[PDB]
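Heads up, the chain below is alone and in the form deposited in one PDB entry; it's given as structure tokens.
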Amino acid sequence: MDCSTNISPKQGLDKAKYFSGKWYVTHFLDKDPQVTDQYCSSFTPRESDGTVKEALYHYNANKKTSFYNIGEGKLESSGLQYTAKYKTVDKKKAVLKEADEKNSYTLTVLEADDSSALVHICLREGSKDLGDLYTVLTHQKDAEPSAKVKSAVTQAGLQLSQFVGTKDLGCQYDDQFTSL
């Protein structure tokens, strides 16, 4: 299930707006889920000298469990786009597995403003694309995405209505994990 091809970062985006606060996923669009479980997610991206580090949380809304990761990658020469390898961690950020060289994700920022963002994530393992997602992001749980980001969704060729809205899933977040 190939990741979407025509994906490049929006040029002219202020990186200070993207590497800002934390993000909560309000809406996600999954091309082809392998599992039918639905997730909520929040993460806290930071950048220094072209290196991105981010604390990542997933909550399985069906099973009511959560898992944790730390991503690390370099910004491309193209703008706000990065391929990250990732550690697997417990809730206290103790390392369970270190980043390896065959598992990565590529995150492309399509829009970002003071309240909201739209990003695309392709997850890979070895020679295979595992999964492609678009995600609408806000800085507080269940905040409304901005008009600018809703327009970004339409301009990406998508319909926001076809995304899964996470409000309905009964998400639980770990704001301690994502603080810092």
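One-based numbering along the sequence shown. Heads up, when I say rigid core I mean the largest set of C-alphas that superpose within 1.5 Å between the two forms.
From this point on, the text means the form deposited in another entry, which you will not see here.
Relative to the superposed core, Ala147 undergoes a Cα shift smaller than 2 Å between the shown form and the other one. After superposing the rigid core, the Cα of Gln34 is displaced by 2 Å or more between the shown form and the other one. The gap between the Cα atoms of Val35 and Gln159 is smaller in that other deposited form, by no less than 3 Å, than in this form. Note on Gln34 and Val95: their C-alpha atoms are more widely spaced in that other deposited form, a change of at least 3 Å from this conformation.
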